[PDB]
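Only one chain is given next, in structure tokens, and it is the form solved without spermine (fully protonated form) (SPK).
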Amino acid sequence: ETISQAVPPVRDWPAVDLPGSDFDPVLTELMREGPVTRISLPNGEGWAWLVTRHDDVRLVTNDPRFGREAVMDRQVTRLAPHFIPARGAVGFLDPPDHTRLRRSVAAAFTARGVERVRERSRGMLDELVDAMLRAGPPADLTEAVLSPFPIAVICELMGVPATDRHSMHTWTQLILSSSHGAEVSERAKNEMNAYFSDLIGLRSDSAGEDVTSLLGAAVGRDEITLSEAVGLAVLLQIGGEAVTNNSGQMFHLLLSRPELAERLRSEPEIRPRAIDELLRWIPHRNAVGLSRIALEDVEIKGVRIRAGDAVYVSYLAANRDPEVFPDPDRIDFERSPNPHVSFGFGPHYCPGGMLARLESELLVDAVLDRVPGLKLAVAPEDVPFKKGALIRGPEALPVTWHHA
């Protein structure tokens, strides 16, 4: 042989505030380099591998050779200045115990299960929209509806009293407050852990359809421990708010490209498919989330991922796979196979996938059908987006409509 340098150089991938829904140029680069790359994020230590292809992302995330529990044994390079989920949360559990914990609340998150809160949710959404209209045109869609709605729906499903909604949002906010290197988020986590630990105990260990009752009944029959239950209850509540940000990009885009909004207004039946196309395209987060550790050597596209090596997958990059999604950057409401991985893949796939689809469904409906001539009150570029955050999205969405 000769002089083989088949190992990709560690690419520095600093935290950078992107505008609107533009694609990360660095991620663009990582994708062109090769199937397997190496990156260095703002925090933690080391380099961790990076997979971007649709097929390799499905492999890594659904293969027993890559685990999550081991990820805590080291300070894997990352984007967030501290691990959000505790040492017992779903995100860090592997198939054996992970499957058990997720089964306890499965019934509430399937299409049929979520379909049970459709009417209830529709009514809540309608009150918020009615309130927006009554107030008057110059409105911030995020504060007026995209923020309150998802919060009300998850709390309702979880069994959280409507009077405690403000607290969930405050805690979620602080917990995801992203950076420094300490306990504003830690205290916030203990407070919310304490909140759900008590709710799970407060007779919610008897009978009821809400998730906390399911978790309480499960804890009562030794199916899952209280730690696992609180850990899951906490991440569901938090993930619940992920819709605000995603739907924010959805609307910023629909009103940004009038031809997309018009197709949805004049052709309602295609809304489901369009929403899935929008979910595939929308760059939901910054960089990547929680890595996996190779539990044993594994060869991928010529690269040897040594046991002990951290591996990252980019669902955003995967949803932009040319071979799987021809003309990737184009938002086509038709799109044939469209097997996007915006909700993850493998055992850790998002349990809120169907709920979010339902929420997105009602939002598009209510917003496009009840607000005549809804449009941005400012130029697309003048809309501010979240800075230094994990999940990308509008900070506010100024819009106006016919009325005034």
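Note that residue numbering begins at 1 and tracks the sequence as displayed. Definition used throughout: the rigid core is the maximal C-alpha set that superposes within 1.5 Å between two forms.
Per the records, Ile175 is among the residues left out by at least a third of the other compared entries, whereas the shown structure includes it. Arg103 is built in all of the other entries compared, counting only those with both neighbours built, so it is not a gap in a third. Between the stretches 45-53 and 349-357, it is 45-53 that shows the larger average CA temperature factor. Taking the mean C-alpha B-factor of each stretch as recorded, 191-199 and 75-83 are not equal, and the higher mean is that of 75-83.
Of the candidates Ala207, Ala107, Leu316, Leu215, the deposited coordinates give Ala207 the top C-alpha B factor.
Within the selection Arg330, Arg292, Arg112, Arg280, the deposited Cα B-factor values reach their highest point at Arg330.
Annotation for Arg271: CA B-factor lies in the lowest third of the chain's modelled residues. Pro9 sits in the highest third of its chain by CA B factor, as recorded in the PDB entry. Among the modelled residues of the chain, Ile175 sits in the middle third by CA temperature factor in this PDB entry. Remark: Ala182 belongs to the highest third of its chain, ranked by C-alpha B-factor as recorded. Placement of the Cα temperature factor of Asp321 within the chain: middle third of the modelled residues, per the deposited record.
What comes next is about the form solved in complex with spermine (fully protonated form) (SPK), which is not displayed.
Counting atoms of spermine (fully protonated form) (SPK), placed from its pose in the deposited complex by superposing the C-alphas round the site, that lie within 2.4 Å of this form's backbone or C-beta atoms gives zero, so the site is open. With the partner removed from view, the residue among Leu376, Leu368, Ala70, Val26 that has a non-hydrogen atom within 4.5 Å of spermine (fully protonated form) (SPK) in the deposited complex turns out to be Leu376. Of the candidate stretches 368-376, 46-54, 331-339, 30-38, only 368-376 contains residues with a heavy atom within 4.5 Å of spermine (fully protonated form) (SPK) in the deposited complex. After superposition on the rigid core, the single residue among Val114, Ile84, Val303, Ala261 whose C-alpha moves by 2 Å or more between the shown form and the other one is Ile84. Comparing the forms between the shown form and the other one on their rigid core, the Cα displacement of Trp281 stays under 2 Å. In the core-superposed comparison between the shown form and the other one, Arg203 has its Cα shifted by at least 2 Å. With the core held fixed between the shown form and the other one, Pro328 has its Cα displaced by under 2 Å.
In the deposited complex, the Cα positions of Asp222 and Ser204 lie at least 3 Å nearer to each other than in the form displayed.
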